[PDB]
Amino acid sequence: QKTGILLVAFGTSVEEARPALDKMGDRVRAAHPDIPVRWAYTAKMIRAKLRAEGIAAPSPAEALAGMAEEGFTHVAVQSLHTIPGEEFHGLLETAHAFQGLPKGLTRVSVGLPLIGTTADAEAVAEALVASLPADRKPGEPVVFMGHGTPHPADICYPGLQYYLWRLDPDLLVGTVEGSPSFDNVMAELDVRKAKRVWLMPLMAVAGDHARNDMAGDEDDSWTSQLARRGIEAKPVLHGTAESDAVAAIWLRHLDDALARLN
């Protein structure tokens, strides 16, 4: 009988962003000092890029097949995703495919992504507030950039907006690909006549979307579009995995998944 933990993120090949994930690995090791920890990545293109750099970057299926070969029997897979969207659901299907395979893993549990229950959503709103830069002043809006998805779990973003507004009317959620859109965010900012606006990723790592769509020099970045509107945009290139308060939520989900192995 041999327990293991498999941490699974979307992943990033951005050098400057990868430390957020290393930090999570430290937290997990610190919380569970006697349980081996393994990594996988859900984005096929990030795995390609990492392999190109000479770095092992297993898919969840490669990682679980390898852990079965090492003789693990019970594995808690922790999603480092923000919402229970397409990546998370693919992860559940994969995990459950491995469970019970002849001579393989006995039990594979899966920890919820960040915005799990409405209780989690409320905890995330509280944690995001705790994570805000000390230099942000009262009344300066903060826009959290979620990925957005066509999947039904996109509803987690307007859901989170509800909880954030019960803390501070000037905290806003926008997404690259889903709802609310950045145009919705700009309309929110116009009604507030805000002159300085902070932008923080609502992704575990500050990857390509944070560096390019949120804060890029390109004309269509959020920071470029705000500057054209006469707003001083203040992008913060830190993923949510950098925050202890936000990280605690994934850590509790991992505790829950570990308990489900028993």
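We number the residues from 1 along the sequence you see.
Visitor: Comparing average C-alpha B factors as deposited, tell me which of 241-249 and 9-17 sits higher.
Guide: For C-alpha atoms only, the mean B-factor is higher in 9-17.
Visitor: Compare the mean C-alpha B-factor of 124-132 with that of 155-163 as given in the PDB entry, and name the stretch with the higher value.
Guide: Going by the record's values, the stretch with the higher mean is 124-132.
Visitor: Of the options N184, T106, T118, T175, which has the highest CA B factor as deposited?
Guide: Among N184, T106, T118, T175, the PDB entry lists the largest C-alpha B-factor for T106.
Visitor: Between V75, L101, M145, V142, let me know which has the highest C-alpha B-factor in the entry?
Guide: In the PDB entry, the greatest C-alpha B-factor among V75, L101, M145, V142 is found at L101.
Visitor: Tell me, lowest, middle or highest third: where does the Cα B factor of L202 rank within its chain?
Guide: Within its chain, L202 is a lowest-third residue by C-alpha B-factor, going by the deposited values.
Visitor: Sort the modelled residues of this chain by their C-alpha B factor and say whether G54 lands in the lowest, middle or highest third.
Guide: Answer is middle: the recorded C-alpha B-factor places it there.
Visitor: Sorting the chain's CA B-factors, does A31 end up in the lowest, middle or highest third?
Guide: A31: CA B-factor falls in the highest third of its chain.
Visitor: Taking the values exactly as deposited, rank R196 by C-alpha B-factor within its chain and report the matching third: lowest, middle or highest.
Guide: Answer is lowest: the recorded C-alpha B-factor places it there.
Visitor: Can you tell me whether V37 has a C-alpha B-factor in the lowest, middle or highest third compared with the other modelled residues of the same chain?
Guide: Its C-alpha B-factor belongs to the highest third of this chain's values.
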